[PDB]
Amino acid sequence: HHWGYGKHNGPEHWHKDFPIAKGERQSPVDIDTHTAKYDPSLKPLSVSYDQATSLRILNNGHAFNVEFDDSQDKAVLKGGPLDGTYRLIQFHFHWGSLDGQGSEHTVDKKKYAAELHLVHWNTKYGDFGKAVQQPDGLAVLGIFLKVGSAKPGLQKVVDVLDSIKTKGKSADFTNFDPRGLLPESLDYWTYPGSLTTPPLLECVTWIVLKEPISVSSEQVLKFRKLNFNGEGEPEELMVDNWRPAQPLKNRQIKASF
Ligand SMILES: NS(=O)(=O)c1ccc(NC(=O)c2ccccc2S)cc1
Ligand SMILES: [Cl-]
Ligand SMILES: [Zn+2]
């Protein structure tokens with residue numbers, strides 16, 4: 001009985017195995033744009049993915065991860081609300097069964113068709129493992145996806161999904177440039193939160209971009225052909241792998257603009 005997104009193992013069940021699910025800084029959250037306050041103490045956000053080196057793509061049964069080689073100082077996120085350098089380790093998405101839902105964070109309660117998560121770990125902690133043991137161990141750059149024009153830079157990811165249809169499958173995925181998934185503006189909202197899937201650790205500084213990227217109906221449709229199940233098992237389409245908004249509690253969302 002592994003955690004998932006179904007009625008008997010979904011988000012409302014997670015707290016049993018992971019009590020932190022009802023924690024004080026859980027993610028995602030709804031972003032009330034009117035209550036969010038401009039923070040002049042925020043430094044310019046810096047996304048340097050020019051030297052990024054992807055290695056593999058994996059269907060972990062919850063989503064698919066494009067993993068990067070993070071053994072060296074390459075692909076880093078810094079500035080903004082961050083202190084120090086955060087290194088990119090992987091990115092994945094959360095999407096719905098329909099265009100009307102799929103994102104984890106919401107803006108004034110609006111749900112986007114999907115949400116891209118670029119995961120980074122604070123380099124002062126040595127590696128990802130030790131980082132997730134710190135309050136400021138991770139930084140996730142979230143980008144909303146809406147259905148409209150295709151995103152050229154996402155097609156290579158879309159075309160390899162057929163090779164990792166089921167849980168546990170992975171494929172080589174080198175030379176993929178994540179810069180092709182970024183919108184024009186780096187305007188963002190930021191707040192302290194957690195991983196949105198078990199173990200739901202509260203080590204994340206969330207940076208959610210205001211400008212969403214557009215993806216075609218065809219592209220998101222292929223995301224929906226993936227499977228939660230493993231090869232040879234009954235097919236359960238990988239859709240609606242998002243956690244709903246959680247209580248903001250004692251937190252303030254800051255705006256960079
Ligand atoms: N959806 S999220 O908040 O961006 C997120 C990012 C990373 C993880 N990571 C894990 O659950 C994890 C923990 C230990 C070892 C490997 C992994 S993939 C979960 C959610
Ligand atoms: Cl189901
Ligand atoms: Zn995520």
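This chain uses plain numbering: 1 for the first residue, then up along the sequence. Every heavy atom of this structure was used, including side-chain atoms; hydrogens, water molecules and symmetry mates were not. Note that ligands are numbered from 1 as they come in the structure, with each ligand's atoms numbered from 1 the same way.
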Identify whether the distance between the nearest side-chain nitrogen and carboxylate oxygen of [X] and [Y] falls below 4.0 Å.
{"X": "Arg243", "Y": "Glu104", "result": "no"}
{"X": "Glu236", "Y": "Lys167", "result": "no"}
{"X": "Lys169", "Y": "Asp162", "result": "no"}
{"X": "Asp177", "Y": "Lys156", "result": "no"}

- request: Output the list of atoms in ligand 1 that are nearer than 4.0 Å to some heavy atom of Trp206, sorted by atom number.
  value: 3 (O), 4 (O)
- prompt: Hey, which atoms in ligand 1 end up nearer than 4.0 Å to a heavy atom of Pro199?
  reply: 11 (O)
query: Has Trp242 got any heavy atom lying under 4.0 angstrom from an atom of ligand 1?
result: no
Residue-ligand contact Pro198/ligand 1, heavy atom below 4.0 Å: yes
- line: Ranking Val119, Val132, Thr197 by closest non-hydrogen atom to atom 19 (C) of ligand 1, top hit is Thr197
field: Which segment of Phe91 sits under 4.0 Å of ligand 1 when only heavy atoms are counted
entry: neither
query: Does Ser27 approach ligand 1 within less than 4.0 angstrom via side chain, backbone, both or neither, non-hydrogen atoms only?
result: neither
Please write down residue, atom name and distance for the protein heavy atom closest to [atom].
{"atom": "atom 18 (S) of ligand 1", "value": "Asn65 OD1, 4.5 Å"}
{"atom": "atom 14 (C) of ligand 1", "value": "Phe128 CE2, 4.0 Å"}
{"atom": "atom 7 (C) of ligand 1", "value": "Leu195 CD2, 3.7 Å"}
{"atom": "atom 1 (N) of ligand 1", "value": "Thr196 OG1, 2.7 Å"}

query: Roughly, to 10 degrees, what angle do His117 atom ND1 and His92 atom NE2 form around the Zn ion (ligand 3)?
result: 120°
message: Go through it in stages, so that I can follow the logic: the residues are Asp69 and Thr53, the test is side-chain hydrogen bond (donor to acceptor under 3.5 Å, both in side chains), and I'd like the CA-CA distance, side-chain angles, deciding distance and then a yes or no.
response: CA-CA 6 Å; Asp69 179 315; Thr53 310; over 6 Å; no
- line: Given the options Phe93, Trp206, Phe64, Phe91, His117 meets ring pair (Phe, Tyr, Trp, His ring centres under 6.0 Å) only with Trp206
- prompt: Less than 4.5 Å apart, any side-chain heavy atom of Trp121 and any of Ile89?
  reply: yes
message: Please report whether ligand 1 has a polar contact with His94, defined as an N or O pair separated by less than 3.5 Å (distance criterion only).
response: yes
message: Side chain or backbone, does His92 bring an N or O within less than 3.5 Å of an N or O on ligand 1?
response: yes
- request: Could you go through the side-chain hydrogen bond (donor to acceptor under 3.5 Å, both in side chains) check for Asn250 and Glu24 one step at a time?
  value: CA-CA 7 Å; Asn250 188 204; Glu24 293 305 301; over 6 Å; no
Donor-acceptor side-chain pairing of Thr166 and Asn227 below 3.5 angstrom: no
- request: Please check if the side chain of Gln219 supplies one atom and the backbone of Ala150 the other of a donor-acceptor pair under 3.5 Å.
  value: no
- prompt: What do you think, any protein heavy atom under 4.0 angstrom from atom 16 (C) of ligand 1?
  reply: no
